[PDB]
Amino acid sequence: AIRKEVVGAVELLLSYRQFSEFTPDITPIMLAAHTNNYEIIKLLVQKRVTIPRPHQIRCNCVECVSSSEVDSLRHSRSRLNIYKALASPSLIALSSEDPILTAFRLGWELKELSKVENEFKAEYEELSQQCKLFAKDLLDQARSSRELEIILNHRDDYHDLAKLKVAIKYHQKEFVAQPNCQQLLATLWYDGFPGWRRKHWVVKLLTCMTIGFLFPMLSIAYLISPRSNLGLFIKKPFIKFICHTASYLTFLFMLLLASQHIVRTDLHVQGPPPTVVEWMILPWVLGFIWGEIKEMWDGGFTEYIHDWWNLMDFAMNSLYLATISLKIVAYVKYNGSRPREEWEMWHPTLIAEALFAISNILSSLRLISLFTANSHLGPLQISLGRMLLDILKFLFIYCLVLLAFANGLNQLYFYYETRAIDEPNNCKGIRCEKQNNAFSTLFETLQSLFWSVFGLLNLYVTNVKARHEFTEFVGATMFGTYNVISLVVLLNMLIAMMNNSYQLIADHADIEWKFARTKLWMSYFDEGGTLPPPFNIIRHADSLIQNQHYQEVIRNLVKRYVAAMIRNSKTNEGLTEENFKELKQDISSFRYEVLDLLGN
Amino acid sequence: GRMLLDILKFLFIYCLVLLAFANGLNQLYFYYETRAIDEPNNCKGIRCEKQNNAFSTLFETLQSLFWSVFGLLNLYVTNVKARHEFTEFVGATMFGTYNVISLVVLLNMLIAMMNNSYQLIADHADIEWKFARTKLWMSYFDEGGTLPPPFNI
Amino acid sequence: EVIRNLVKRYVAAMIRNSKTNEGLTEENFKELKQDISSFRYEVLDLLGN
Amino acid sequence: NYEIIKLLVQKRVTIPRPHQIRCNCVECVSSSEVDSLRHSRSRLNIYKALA
Amino acid sequence: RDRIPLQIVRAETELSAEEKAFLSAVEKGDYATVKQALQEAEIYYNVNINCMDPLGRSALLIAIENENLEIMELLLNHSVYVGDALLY
Ligand SMILES: O=c1c2c3nc(n2Cc2ccc(Cl)cc2)Oc2ccc(F)c(c2)OCCCCCCn3c(=O)n1CCCO
Ligand SMILES: O=c1c2c3nc(n2Cc2ccc(Cl)cc2)Oc2ccc(F)c(c2)OCCCCCCn3c(=O)n1CCCO
Ligand SMILES: [Ca+2]
Ligand SMILES: [Zn+2]
Ligand SMILES: [Zn+2]
């Protein structure tokens, strides 16, 4: 009578206090929670009931290891039943003290259990989703602004968003991507600009360029006096972003002058003194290093190592730091002048110019981390991030298919290795004008097979001297078999897999960009007074009142949510065969009693 | 008309990926710039019979990287004189890293995005052509007496 | 006059289209049960007394 | 419904009028900073009624 | 202690056993018993006709969802409280 949801029968049976369809462990309070009635649950909790408690993961008591080896198919069924009982919206909303903070801590440890239990993965996964819509609905049942301000600023045990920071360390992407939460913030990220309803392409485009140039005077004004009317004008979430973005293009433009010399001296000395352009770049580097080392202090080291843009900065700083020592060693050791055509291959002045060239590439490709603040380029980085999880497995197969062939060819041609002096123009290997000696050693046979994918390798490299004709045919066959497997069978699969992979991330491509830009904005809200890089080197009653105010809103929200969810059912449900029989029985009993009365 | 609203963003990314690499190579080879008279047949730059001086200035390093997309650039342009061997390896590595990013990772995305973009404009493709031809026809209905161009003076 | 006629025809057609392409639900079953219930009660009241 | 609307218009009724876009009267700028989640709900209701 | 107790944290008011048969008779169509409870509550005072069931439904919002136009005219000839009943 609890599986078929009737209310009179339950009460009637309560008052009068070898084959079944139910396992021997189901209890009434546990079975009334798998279904989602609200009036039946309230009748069984007014009498005293109880639900058991499941042990933590990886527990090692004698019971958990004794029972798990006497019956192993019955011990893996009770836990699923208990976890399906505990995770129902009505039971959470009826007997919990804080219904919002209990769906955060229980929808996070129903996903860990989805990894150690490979049998019920789908089940646990789907139970983990009923705990993410509940809080979203309970939030969007609000009717005013004071209620939002009361809810989002509740701290258990000052006035900052002390409950919007807990939803980010649990990865709740539907609770922080809602109209009201995304409208309360935009009225704080645009403080000091009372109206953004301006011409889209001219006036709002020009005001920012106008603000850009003023960053040095703004910085020094904040430095000399922080409480004036010109100071305190930089402590706004937008101006700091503008100044920090503008302090970078100057650095990236003061490097193109060092690549192509505007005016310099001739190049014959071992080590020259640094020129004027180089004298002014060290402050930026020192400021970057100081900022990096300071950021690691007021923050978790584990939190630091969890961002993937940090290794780029580490490599850039290392390659920038090596150059100073490599340039001072040659200035102190060597002296004099000599032509450039007689230096050694391992001269300090030559190895100190390759790293400086390599560093510019890793320093210029970091302007792709700014695409999250725009509406057009935003959803493109999130769709590109998925494409890079497809090439790994095909790369795994390709590396084996290449290591396989890199040995056979090397084993066959290692008898006819000539020298350099006996060859025209004293050139040995590929990259000459007339290519030769392409399959001699193991290091060249790996570069030739790579360069032969684009088409820059000729066919007359398989013709050997000494008149032997049977070997050339085997070599040509081995070279021709490798092309069909790589150019015709593999590249026709990457396309067909990426095409399918792209048509599954197109949906929910706006819920993952707003989370990113919100996490971006939340970094400048705090008062840190971070100057640009160059200038960077110079009791009871309260708690009682809050807890008293926080409960009424919860009560009202719960009432409204319950009523709406009850109403939605009666309108969107169809009929079935169970209904027809009851009507037939009604007519039947009516007929029988009327005939009984009238006939006799 | 819809296909031409897809190449713009990939072009935006490609222009940055090209401006990034157009500097590193130029910064490394600008010490060995020879002259024209000291070269065979008095030809300097690419488009000769024997190509030379392809990474000297910033204007040539932008045309070489473009022409190297179709396959009309050879491999012996990265071999420098003066016997220095450590530089040639870095140059070859910088030249080989740029090809994988442009020929294998980007052209495999334009196809996969245009394929999806085409299967959403197939519907309602007859309501937008009749509007155009109606707007065309409505231009001659008025009495303007427009003679052909030659007799129009 | 043309507007009047067009409005009449459109309204009538839109009303007619609804009655044919709509399904049933749970609200309907309860009213039928109540009809039978009240009929029964009043008939028993009359006959028994 | 068509029959229910005709019964309420035979008695005298009225619907308010929404201001134009980018209006800058004292009311539109005073009310939009005392309660900003209630002022953005009435306009949607009126525009759903009129259409 | 391996058990979890359960209880109600946000309590509300409840109904007596004399104000329940009234609302139960309203939901079935019985017309001769409701008319007697409406008359006994004017000489003696034991029932208030403006009670509210667990879900916020009173005696006049149960007769609108089950379309009964003969109990509405009976409940209106006696003075009941008509609130936001024209929007339902
Ligand atoms: O020329 C070929 C070749 C070939 N498969 C071919 N041909 C063309 C050919 C056809 C007939 C003859 Cl009597 C001689 C050459 O054609 C086929 C014919 C039928 C196929 F089913 C097929 C390829 O595909 C099988 C898998 C590809 C193996 C390439 C080996 N393979 C190959 O390594 N060479 C290089 C030899 C260098 O002299
Ligand atoms: O030859 C290559 C090369 C390569 N990646 C390769 N190879 C082939 C190779 C393999 C092993 C060795 Cl010991 C030497 C050369 O192969 C791989 C091996 C594993 C990969 F995962 C992979 C590419 O893809 C990574 C992204 C592509 C980077 C191209 C750099 N890259 C490259 O710039 N050159 C140019 C050097 C000119 O001498
Ligand atoms: Ca950093
Ligand atoms: Zn256990
Ligand atoms: Zn307004």
# chains A, B, ... in the order shown; residues from 1 in each chain; ligands from 1
$ residues_near_ligand --ligand "ligand 2" --cutoff "12 Å" --atoms "only C-alpha atoms and all ligand atoms" --output "PyMOL selection string"
(chain A and resi 388+391-403+406+429-431+441-454) or (chain B and resi 75+78+86-105)
$ interface_residues --of "chain E" --to "chain A" --cutoff "8 Å" --atoms "only C-alpha atoms" --output "list in words"
residues 2, 3, 4, 5, 6, 7, 8, 9, 10 and 55 of chain E
$ residues_near_ligand --ligand "ligand 5" --cutoff "8 Å" --atoms "only C-alpha atoms and all ligand atoms" --output "list in words"
residues 18, 19, 20, 21, 22, 23, 24, 25, 27, 28, 29 and 32 of chain D
$ residues_near_ligand --ligand "ligand 4" --cutoff "12 Å" --atoms "only C-alpha atoms and all ligand atoms" --output "ChimeraX atom specification"
/A:53-69,72,75-79
$ residues_around --residues "residue 535 of chain A" --least-positions-apart "2" --cutoff "10 Å" --atoms "only C-alpha atoms" --output "PyMOL selection string"
chain A and resi 216+219-220+223+283-284+287+530-533+537-538
$ write_last_selection --atoms "C-alpha atoms" --output "compact mmCIF listing (two decimals), in the first residue's frame"
# COMPACT_ATOMS: atom_id res chain seq x y z
CA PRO A 216 52.08 55.71 -14.82
CA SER A 219 50.44 54.50 -10.13
CA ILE A 220 52.69 57.26 -8.81
CA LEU A 223 52.19 55.69 -4.37
CA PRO A 283 63.08 46.03 -14.01
CA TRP A 284 60.22 44.15 -15.71
CA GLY A 287 59.09 42.68 -10.94
CA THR A 530 48.84 45.32 -6.70
CA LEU A 531 50.84 47.93 -8.59
CA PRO A 532 52.04 47.18 -12.14
CA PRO A 533 55.28 45.17 -12.44
CA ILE A 537 59.67 47.17 -6.31
CA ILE A 538 59.71 50.10 -3.88
$ interface_residues --of "chain D" --to "chain C" --cutoff "12 Å" --atoms "only C-alpha atoms" --output "VMD selection string"
chain D and resid 1 to 3
$ closest_residue --among "A:119, A:98, A:390, A:156" --to "chain B" --atoms "only C-alpha atoms"
A:390
$ closest_atom_pairs --of "chain A" --to "ligand 3" --cutoff "8 Å" --atoms "only C-alpha atoms and all ligand atoms" --output "CSV"
residue,atom,partner,partner_atom_place_in_ligand_line,distance
A:292,CA,ligand 3,1 (Ca),5.9
A:295,CA,ligand 3,1 (Ca),7.6
A:309,CA,ligand 3,1 (Ca),6.7
A:310,CA,ligand 3,1 (Ca),5.2
A:313,CA,ligand 3,1 (Ca),6.5
$ write_last_selection --atoms "N, CA and C atoms" --output "mmCIF file, in the first residue's frame"
data_model
loop_
_atom_site.group_PDB
_atom_site.id
_atom_site.type_symbol
_atom_site.label_atom_id
_atom_site.label_comp_id
_atom_site.auth_asym_id
_atom_site.auth_seq_id
_atom_site.Cartn_x
_atom_site.Cartn_y
_atom_site.Cartn_z
ATOM 1 N N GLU A 292 55.774 36.675 -8.712
ATOM 2 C CA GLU A 292 55.610 35.226 -8.658
ATOM 3 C C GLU A 292 55.952 34.682 -7.277
ATOM 4 N N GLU A 295 53.200 35.731 -4.737
ATOM 5 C CA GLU A 295 51.913 35.062 -4.889
ATOM 6 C C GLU A 295 51.908 33.689 -4.228
ATOM 7 N N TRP A 309 49.150 27.243 -16.137
ATOM 8 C CA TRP A 309 49.888 28.358 -16.713
ATOM 9 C C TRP A 309 51.152 28.695 -15.933
ATOM 10 N N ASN A 310 51.383 28.043 -14.792
ATOM 11 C CA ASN A 310 52.528 28.378 -13.952
ATOM 12 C C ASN A 310 53.830 27.815 -14.511
ATOM 13 N N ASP A 313 55.391 30.223 -16.974
ATOM 14 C CA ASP A 313 56.115 31.305 -16.314
ATOM 15 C C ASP A 313 57.434 30.811 -15.736
#
$ residues_around --residues "residue 28 of chain C" --least-positions-apart "3" --cutoff "12 Å" --atoms "only C-alpha atoms" --output "ChimeraX atom specification"
/A:570-571,573-575,579 /C:23-25,31-35 /E:65-67
$ write_last_selection --atoms "N, CA and C atoms" --output "PDB file, in the first residue's frame"
ATOM      1  N   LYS A 570       0.202  16.998 -11.728  1.00  0.00           N
ATOM      2  CA  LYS A 570      -1.170  16.727 -12.153  1.00  0.00           C
ATOM      3  C   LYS A 570      -1.434  17.092 -13.607  1.00  0.00           C
ATOM      4  N   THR A 571      -0.595  17.923 -14.216  1.00  0.00           N
ATOM      5  CA  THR A 571      -0.854  18.420 -15.560  1.00  0.00           C
ATOM      6  C   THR A 571      -0.103  17.656 -16.643  1.00  0.00           C
ATOM      7  N   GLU A 573       0.921  14.244 -16.871  1.00  0.00           N
ATOM      8  CA  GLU A 573       0.934  12.801 -16.687  1.00  0.00           C
ATOM      9  C   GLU A 573      -0.206  12.178 -17.477  1.00  0.00           C
ATOM     10  N   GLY A 574       0.061  11.020 -18.084  1.00  0.00           N
ATOM     11  CA  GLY A 574      -0.916  10.328 -18.894  1.00  0.00           C
ATOM     12  C   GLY A 574      -1.662   9.247 -18.124  1.00  0.00           C
ATOM     13  N   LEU A 575      -2.607   8.623 -18.819  1.00  0.00           N
ATOM     14  CA  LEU A 575      -3.436   7.577 -18.244  1.00  0.00           C
ATOM     15  C   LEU A 575      -2.876   6.201 -18.593  1.00  0.00           C
ATOM     16  N   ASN A 579      -6.546   2.665 -14.293  1.00  0.00           N
ATOM     17  CA  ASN A 579      -7.646   3.588 -14.035  1.00  0.00           C
ATOM     18  C   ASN A 579      -8.985   3.005 -14.476  1.00  0.00           C
TER      19      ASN A 579
ATOM     20  N   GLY C  23      -4.479  15.663 -25.523  1.00  0.00           N
ATOM     21  CA  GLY C  23      -4.581  14.424 -24.787  1.00  0.00           C
ATOM     22  C   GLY C  23      -5.229  14.601 -23.420  1.00  0.00           C
ATOM     23  N   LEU C  24      -5.388  13.476 -22.732  1.00  0.00           N
ATOM     24  CA  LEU C  24      -6.007  13.446 -21.416  1.00  0.00           C
ATOM     25  C   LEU C  24      -4.941  13.456 -20.325  1.00  0.00           C
ATOM     26  N   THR C  25      -5.394  13.616 -19.087  1.00  0.00           N
ATOM     27  CA  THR C  25      -4.500  13.714 -17.940  1.00  0.00           C
ATOM     28  C   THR C  25      -5.258  13.256 -16.699  1.00  0.00           C
ATOM     29  N   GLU C  31     -13.041  14.094 -11.659  1.00  0.00           N
ATOM     30  CA  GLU C  31     -14.381  14.646 -11.825  1.00  0.00           C
ATOM     31  C   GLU C  31     -15.406  13.552 -12.097  1.00  0.00           C
ATOM     32  N   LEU C  32     -15.047  12.564 -12.916  1.00  0.00           N
ATOM     33  CA  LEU C  32     -15.959  11.456 -13.176  1.00  0.00           C
ATOM     34  C   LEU C  32     -16.239  10.672 -11.900  1.00  0.00           C
ATOM     35  N   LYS C  33     -15.188  10.394 -11.120  1.00  0.00           N
ATOM     36  CA  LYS C  33     -15.410   9.704  -9.851  1.00  0.00           C
ATOM     37  C   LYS C  33     -16.364  10.484  -8.951  1.00  0.00           C
ATOM     38  N   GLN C  34     -16.193  11.805  -8.868  1.00  0.00           N
ATOM     39  CA  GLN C  34     -17.065  12.602  -8.010  1.00  0.00           C
ATOM     40  C   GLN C  34     -18.505  12.601  -8.511  1.00  0.00           C
ATOM     41  N   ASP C  35     -18.694  12.658  -9.833  1.00  0.00           N
ATOM     42  CA  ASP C  35     -20.040  12.591 -10.395  1.00  0.00           C
ATOM     43  C   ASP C  35     -20.758  11.327  -9.946  1.00  0.00           C
TER      44      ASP C  35
ATOM     45  N   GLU E  65     -11.740  23.049  -7.821  1.00  0.00           N
ATOM     46  CA  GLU E  65     -10.957  22.132  -8.641  1.00  0.00           C
ATOM     47  C   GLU E  65     -11.780  20.918  -9.060  1.00  0.00           C
ATOM     48  N   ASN E  66     -12.646  20.422  -8.181  1.00  0.00           N
ATOM     49  CA  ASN E  66     -13.716  19.511  -8.573  1.00  0.00           C
ATOM     50  C   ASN E  66     -14.923  20.373  -8.918  1.00  0.00           C
ATOM     51  N   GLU E  67     -15.237  20.488 -10.204  1.00  0.00           N
ATOM     52  CA  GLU E  67     -16.176  21.518 -10.628  1.00  0.00           C
ATOM     53  C   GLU E  67     -17.579  21.210 -10.121  1.00  0.00           C
TER      54      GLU E  67
END
$ residues_near_ligand --ligand "ligand 1" --cutoff "10 Å" --atoms "only C-alpha atoms and all ligand atoms" --output "number ranges by chain"
A: 472-485, 488
$ residues_around --residues "residue 62 of chain E" --least-positions-apart "6" --cutoff "12 Å" --atoms "only C-alpha atoms" --output "list in words"
residues 31 of chain C; 22, 23, 24, 25, 26, 27, 28, 29, 52, 53, 55, 56, 68, 69, 71, 72, 75, 85 and 88 of chain E
$ interface_residues --of "chain A" --to "chain B" --cutoff "7 Å" --atoms "only C-alpha atoms" --output "MDAnalysis selection string"
chainID A and resid 259 341 345 357:358 360:361 364:365 431:433 456 495 498:499
$ decode --residues "segment 1-43 of chain D" --atoms "N, CA and C atoms" --output "PDB file, in the first residue's frame"
ATOM      1  N   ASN D   1      -7.865  32.528 -23.744  1.00  0.00           N
ATOM      2  CA  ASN D   1      -9.298  32.348 -23.919  1.00  0.00           C
ATOM      3  C   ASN D   1      -9.917  33.559 -24.601  1.00  0.00           C
ATOM      4  N   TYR D   2     -10.950  33.301 -25.399  1.00  0.00           N
ATOM      5  CA  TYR D   2     -11.679  34.354 -26.091  1.00  0.00           C
ATOM      6  C   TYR D   2     -12.985  34.723 -25.411  1.00  0.00           C
ATOM      7  N   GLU D   3     -13.628  33.776 -24.726  1.00  0.00           N
ATOM      8  CA  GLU D   3     -14.898  34.060 -24.068  1.00  0.00           C
ATOM      9  C   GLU D   3     -14.713  34.697 -22.700  1.00  0.00           C
ATOM     10  N   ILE D   4     -13.588  34.437 -22.035  1.00  0.00           N
ATOM     11  CA  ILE D   4     -13.352  35.023 -20.720  1.00  0.00           C
ATOM     12  C   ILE D   4     -12.876  36.464 -20.847  1.00  0.00           C
ATOM     13  N   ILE D   5     -12.064  36.759 -21.863  1.00  0.00           N
ATOM     14  CA  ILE D   5     -11.601  38.130 -22.067  1.00  0.00           C
ATOM     15  C   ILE D   5     -12.773  39.048 -22.388  1.00  0.00           C
ATOM     16  N   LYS D   6     -13.742  38.559 -23.162  1.00  0.00           N
ATOM     17  CA  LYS D   6     -14.864  39.402 -23.550  1.00  0.00           C
ATOM     18  C   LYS D   6     -15.772  39.758 -22.381  1.00  0.00           C
ATOM     19  N   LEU D   7     -15.714  39.013 -21.275  1.00  0.00           N
ATOM     20  CA  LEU D   7     -16.546  39.334 -20.123  1.00  0.00           C
ATOM     21  C   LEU D   7     -15.939  40.409 -19.237  1.00  0.00           C
ATOM     22  N   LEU D   8     -14.619  40.576 -19.264  1.00  0.00           N
ATOM     23  CA  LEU D   8     -13.945  41.551 -18.421  1.00  0.00           C
ATOM     24  C   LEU D   8     -13.746  42.894 -19.105  1.00  0.00           C
ATOM     25  N   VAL D   9     -13.892  42.961 -20.432  1.00  0.00           N
ATOM     26  CA  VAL D   9     -13.762  44.226 -21.149  1.00  0.00           C
ATOM     27  C   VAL D   9     -15.095  44.953 -21.260  1.00  0.00           C
ATOM     28  N   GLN D  10     -16.213  44.262 -21.043  1.00  0.00           N
ATOM     29  CA  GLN D  10     -17.503  44.934 -21.013  1.00  0.00           C
ATOM     30  C   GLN D  10     -17.699  45.730 -19.731  1.00  0.00           C
ATOM     31  N   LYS D  11     -16.995  45.372 -18.665  1.00  0.00           N
ATOM     32  CA  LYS D  11     -16.746  46.272 -17.552  1.00  0.00           C
ATOM     33  C   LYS D  11     -15.435  47.010 -17.806  1.00  0.00           C
ATOM     34  N   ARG D  12     -15.289  48.173 -17.182  1.00  0.00           N
ATOM     35  CA  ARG D  12     -14.176  49.053 -17.517  1.00  0.00           C
ATOM     36  C   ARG D  12     -12.891  48.584 -16.842  1.00  0.00           C
ATOM     37  N   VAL D  13     -11.832  48.420 -17.637  1.00  0.00           N
ATOM     38  CA  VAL D  13     -10.530  47.962 -17.167  1.00  0.00           C
ATOM     39  C   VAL D  13      -9.452  48.837 -17.797  1.00  0.00           C
ATOM     40  N   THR D  14      -8.195  48.557 -17.454  1.00  0.00           N
ATOM     41  CA  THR D  14      -7.079  49.399 -17.866  1.00  0.00           C
ATOM     42  C   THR D  14      -5.774  48.631 -17.689  1.00  0.00           C
ATOM     43  N   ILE D  15      -4.819  48.892 -18.580  1.00  0.00           N
ATOM     44  CA  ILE D  15      -3.470  48.332 -18.485  1.00  0.00           C
ATOM     45  C   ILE D  15      -2.462  49.476 -18.493  1.00  0.00           C
ATOM     46  N   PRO D  16      -1.429  49.450 -17.633  1.00  0.00           N
ATOM     47  CA  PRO D  16      -0.450  50.548 -17.609  1.00  0.00           C
ATOM     48  C   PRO D  16       0.353  50.671 -18.894  1.00  0.00           C
ATOM     49  N   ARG D  17       1.211  51.689 -18.971  1.00  0.00           N
ATOM     50  CA  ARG D  17       1.995  51.976 -20.160  1.00  0.00           C
ATOM     51  C   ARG D  17       3.482  51.949 -19.832  1.00  0.00           C
ATOM     52  N   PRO D  18       4.289  51.180 -20.562  1.00  0.00           N
ATOM     53  CA  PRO D  18       5.726  51.141 -20.278  1.00  0.00           C
ATOM     54  C   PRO D  18       6.466  52.278 -20.965  1.00  0.00           C
ATOM     55  N   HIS D  19       7.481  52.798 -20.278  1.00  0.00           N
ATOM     56  CA  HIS D  19       8.265  53.900 -20.811  1.00  0.00           C
ATOM     57  C   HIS D  19       9.171  53.424 -21.943  1.00  0.00           C
ATOM     58  N   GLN D  20       9.658  54.385 -22.724  1.00  0.00           N
ATOM     59  CA  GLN D  20      10.540  54.074 -23.837  1.00  0.00           C
ATOM     60  C   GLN D  20      11.905  53.618 -23.323  1.00  0.00           C
ATOM     61  N   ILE D  21      12.703  53.065 -24.237  1.00  0.00           N
ATOM     62  CA  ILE D  21      14.032  52.589 -23.879  1.00  0.00           C
ATOM     63  C   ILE D  21      14.925  53.771 -23.521  1.00  0.00           C
ATOM     64  N   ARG D  22      15.887  53.522 -22.632  1.00  0.00           N
ATOM     65  CA  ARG D  22      16.893  54.501 -22.226  1.00  0.00           C
ATOM     66  C   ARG D  22      16.279  55.741 -21.585  1.00  0.00           C
ATOM     67  N   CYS D  23      15.094  55.605 -20.996  1.00  0.00           N
ATOM     68  CA  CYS D  23      14.462  56.725 -20.316  1.00  0.00           C
ATOM     69  C   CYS D  23      15.237  57.079 -19.054  1.00  0.00           C
ATOM     70  N   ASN D  24      15.218  58.367 -18.703  1.00  0.00           N
ATOM     71  CA  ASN D  24      16.069  58.883 -17.638  1.00  0.00           C
ATOM     72  C   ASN D  24      15.300  59.766 -16.660  1.00  0.00           C
ATOM     73  N   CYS D  25      14.012  59.502 -16.462  1.00  0.00           N
ATOM     74  CA  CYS D  25      13.263  60.258 -15.472  1.00  0.00           C
ATOM     75  C   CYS D  25      13.727  59.878 -14.066  1.00  0.00           C
ATOM     76  N   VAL D  26      13.285  60.659 -13.077  1.00  0.00           N
ATOM     77  CA  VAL D  26      13.724  60.397 -11.708  1.00  0.00           C
ATOM     78  C   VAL D  26      13.169  59.075 -11.199  1.00  0.00           C
ATOM     79  N   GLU D  27      11.989  58.667 -11.669  1.00  0.00           N
ATOM     80  CA  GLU D  27      11.431  57.406 -11.198  1.00  0.00           C
ATOM     81  C   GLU D  27      12.214  56.216 -11.742  1.00  0.00           C
ATOM     82  N   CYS D  28      12.547  56.234 -13.035  1.00  0.00           N
ATOM     83  CA  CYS D  28      13.251  55.106 -13.631  1.00  0.00           C
ATOM     84  C   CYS D  28      14.655  54.928 -13.072  1.00  0.00           C
ATOM     85  N   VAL D  29      15.247  55.974 -12.500  1.00  0.00           N
ATOM     86  CA  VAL D  29      16.578  55.859 -11.920  1.00  0.00           C
ATOM     87  C   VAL D  29      16.543  55.740 -10.399  1.00  0.00           C
ATOM     88  N   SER D  30      15.440  56.131  -9.759  1.00  0.00           N
ATOM     89  CA  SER D  30      15.294  55.966  -8.319  1.00  0.00           C
ATOM     90  C   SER D  30      14.844  54.554  -7.969  1.00  0.00           C
ATOM     91  N   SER D  31      13.830  54.041  -8.671  1.00  0.00           N
ATOM     92  CA  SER D  31      13.336  52.703  -8.367  1.00  0.00           C
ATOM     93  C   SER D  31      14.335  51.628  -8.770  1.00  0.00           C
ATOM     94  N   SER D  32      15.185  51.906  -9.754  1.00  0.00           N
ATOM     95  CA  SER D  32      16.127  50.908 -10.245  1.00  0.00           C
ATOM     96  C   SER D  32      17.339  50.730  -9.343  1.00  0.00           C
ATOM     97  N   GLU D  33      17.325  51.367  -8.178  1.00  0.00           N
ATOM     98  CA  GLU D  33      18.435  51.217  -7.226  1.00  0.00           C
ATOM     99  C   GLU D  33      17.966  50.984  -5.813  1.00  0.00           C
ATOM    100  N   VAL D  34      16.674  50.870  -5.617  1.00  0.00           N
ATOM    101  CA  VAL D  34      16.126  50.465  -4.335  1.00  0.00           C
ATOM    102  C   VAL D  34      15.721  48.997  -4.346  1.00  0.00           C
ATOM    103  N   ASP D  35      15.117  48.540  -5.443  1.00  0.00           N
ATOM    104  CA  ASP D  35      14.833  47.126  -5.671  1.00  0.00           C
ATOM    105  C   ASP D  35      15.026  46.871  -7.158  1.00  0.00           C
ATOM    106  N   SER D  36      16.058  46.107  -7.508  1.00  0.00           N
ATOM    107  CA  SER D  36      16.420  45.893  -8.901  1.00  0.00           C
ATOM    108  C   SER D  36      15.991  44.537  -9.438  1.00  0.00           C
ATOM    109  N   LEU D  37      15.481  43.649  -8.589  1.00  0.00           N
ATOM    110  CA  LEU D  37      14.957  42.370  -9.042  1.00  0.00           C
ATOM    111  C   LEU D  37      13.443  42.382  -9.176  1.00  0.00           C
ATOM    112  N   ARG D  38      12.776  43.381  -8.608  1.00  0.00           N
ATOM    113  CA  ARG D  38      11.343  43.554  -8.781  1.00  0.00           C
ATOM    114  C   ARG D  38      11.002  44.497  -9.923  1.00  0.00           C
ATOM    115  N   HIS D  39      11.884  45.445 -10.236  1.00  0.00           N
ATOM    116  CA  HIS D  39      11.674  46.361 -11.349  1.00  0.00           C
ATOM    117  C   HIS D  39      11.904  45.709 -12.704  1.00  0.00           C
ATOM    118  N   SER D  40      12.617  44.588 -12.756  1.00  0.00           N
ATOM    119  CA  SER D  40      12.897  43.893 -14.003  1.00  0.00           C
ATOM    120  C   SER D  40      11.928  42.753 -14.262  1.00  0.00           C
ATOM    121  N   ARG D  41      10.895  42.617 -13.437  1.00  0.00           N
ATOM    122  CA  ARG D  41       9.867  41.599 -13.604  1.00  0.00           C
ATOM    123  C   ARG D  41       8.561  42.152 -14.141  1.00  0.00           C
ATOM    124  N   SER D  42       8.228  43.401 -13.816  1.00  0.00           N
ATOM    125  CA  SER D  42       6.952  43.964 -14.240  1.00  0.00           C
ATOM    126  C   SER D  42       6.919  44.211 -15.745  1.00  0.00           C
ATOM    127  N   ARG D  43       8.043  44.637 -16.326  1.00  0.00           N
ATOM    128  CA  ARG D  43       8.060  44.929 -17.755  1.00  0.00           C
ATOM    129  C   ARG D  43       7.821  43.673 -18.582  1.00  0.00           C
TER     130      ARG D  43
END
